[PDB]
């Protein structure tokens, strides 16, 4: 192998400006990092800068450097959707024609009707809501009627809440599996179905650790699958395992925050493995992008950047670090949905003694998967062009 270990970091939703097809999605004007940099009166990200972030695009406080640490460019998304699953599945070598849907007005009557008809239960709620706020509003009614609280969030999810002493866990799990089947339908294509059991009484409800997530398998065998099948390590950190429904994953490390994600990254740097370590930093999307909070987003980016010098110190000559994003989620943009954006790509190894250069723009996110696959000598994905030889 050219590289023994590849550390792939997805800064979730950290887009670098509207994609050529942004208008189709109502994303004209969108610029995640650029709008954040403006809000912050200059983003402090000196380590991303040293890697060549400003060389991709200059933004407030983010300037180009004469000798970037590694190679740099941006990537264009080819798949129809702008969601996390689409982005990650494309990164690992797929092409996804069918987008996952978001439901700001709640779910279609048709879907809920069929869910009722299959389960023998009434559905209440049917709206975007915080999980905790909807229990306060409708938890008592749920308890008294044996109905199901169905709700959504800013991303492609269908969540079913039911009290554990009213609807038995196994019944809630069966109901969610039915929901999972019904939502494999392009009329209402949902990324995840999530069981949200809760306990307690009105004014004091608690969601339990019995939460279960029902994900779809990626629409194809990914580069992770091929790595796993050739006896390589695939270490998934954070939401990664869930995003791929465990496909091609050899070890999974749960994280609770971006900082904890960077701690697990460092943990993997300390591991003797050959293969891929794959981190998702999800806070950017989950806490700041959808909530349209440029200040919190800006601060999180600065907190993330400050962690990088330790990563740089631990990388070996035969390690490659790849930093990218899966889509945009501009926190100063109308509505609550992702934004169709280019994503940055930074590729760094300490073996790059003279620093890096600009790469041709990646025409699909799958160029990452192709690069990883060529590196480890496994079956090349159907889509994507490797940049391994450019490094």
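Positions refer to the first chain, counted from 1.
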Quiz item: Can you tell me which stretch has the higher mean Cα B-factor, 210 to 218 or 288 to 296?
Solution: 210 to 218
Exercise. Determine, for stretches 135 to 143 and 181 to 189, which one has the higher mean CA B-factor as deposited.
Key: 135 to 143
Practice problem: Name the residue from 104, 238, 81, 309 with the greatest C-alpha temperature factor listed in the entry. | Solution: 104
Quiz item: Which of these, 170, 283, 305, 263, has its C-alpha atom at the highest B-factor, as the entry lists it?
Solution: 170
Quiz item: Based on the entry's values, in what third of the chain does the Cα temperature factor of residue 110 lie: lowest, middle or highest?
Solution: highest
Quiz prompt | residue 65 - Cα temperature factor, lowest/middle/highest third of chain | solution = highest
Exercise. Comparing against every modelled residue in the chain, figure out the third that the C-alpha B-factor of residue 21 lands in (lowest, middle or highest).
Key: highest
Exercise. Compare the C-alpha B factor of residue 120 with those of the other modelled residues in its chain, then answer lowest, middle or highest third.
Key: highest
Quiz item: If you rank every modelled residue in this chain by C-alpha B factor, which third holds residue 205: lowest, middle or highest?
Solution: highest
